[PDB]
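The chain below stands alone and is given as structure tokens, in the form deposited in one PDB entry.
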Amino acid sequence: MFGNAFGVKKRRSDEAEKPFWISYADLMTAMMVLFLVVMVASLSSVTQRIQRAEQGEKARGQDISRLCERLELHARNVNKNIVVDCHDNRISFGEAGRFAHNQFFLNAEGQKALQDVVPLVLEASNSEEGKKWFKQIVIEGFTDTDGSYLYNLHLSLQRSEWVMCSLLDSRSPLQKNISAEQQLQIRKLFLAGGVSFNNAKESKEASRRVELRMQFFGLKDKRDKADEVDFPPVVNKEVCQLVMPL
């Protein structure tokens, strides 16, 4: 009967977010971040030696690729006969390097290409990339498994000896375009010898070929100085001992 019309009531005051839940979300996010970053740091620490070795391997690959590309660019510029396989470090003279049956010489193009490529490879080896990663050059010999074994071995050995003669025989056209230091460098960077058997090609005429396969230091080799030897200055011109007239 005598109620107060002016009695007021509090509004619909919705409460705030409970601070615990947002703080807990903050803490859980911080913990998730901590575990992520600790995993990243730990994995980067355990494998840092592996990472450094892989980086060095990639750098060696880049240097070798650059040197091979420079050498093959020089070959393309100078002589079309010289084709370079940078994938597996092979110098090929396919058409000019064919060997007929039971002979160890080559046509004129074989010698032209060989005596043309030797100075180019010497120049490549004399560069800083060569002075850091280039070892001596291996002459590749190939023989088939048919017939008498030792006849094929003797044929390949005579082919290698003929290649080395042609590189370092008197009156050769290369000898007229060479200096003493370059001749010494050829003597140091080249060894003649090596035989192999393979069945990766469809024709037996392919095995009758010669190739240049340069090989490089490993990452942990790093040009052991004690391995290098020395030769005296040339006192008399070299003479090939294979039977040229045959």
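Here the rigid core means the biggest group of C-alpha atoms that line up within 1.5 Å when the two forms are laid on top of each other. Residue numbers run from 1 along the displayed sequence.
One more form of this protein, deposited in another entry, exists but is not displayed; see below.
The residue among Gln182, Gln51, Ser65, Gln215 whose Cα moves by 2 angstroms or more between the shown form and the other one, once the core is superposed, is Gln51.
After superposing the rigid core, the C-alpha of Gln111 moves by less than 2 Å between the shown form and the other one. For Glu123, a C-alpha deviation below 2 angstroms is recorded between the shown form and the other one after rigid-core alignment. Residue displacement note: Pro233 has its CA displaced by under 2 Å between the shown form and the other one (rigid core superposed). The pair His87 and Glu202 is looser in that other deposited form: their Cα-Cα distance rises by no less than 3 Å compared with this form. Between the C-alpha atoms of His101 and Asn199, a gap narrowed by no less than 3 Å is obtained in that other deposited form, as opposed to the form on display.
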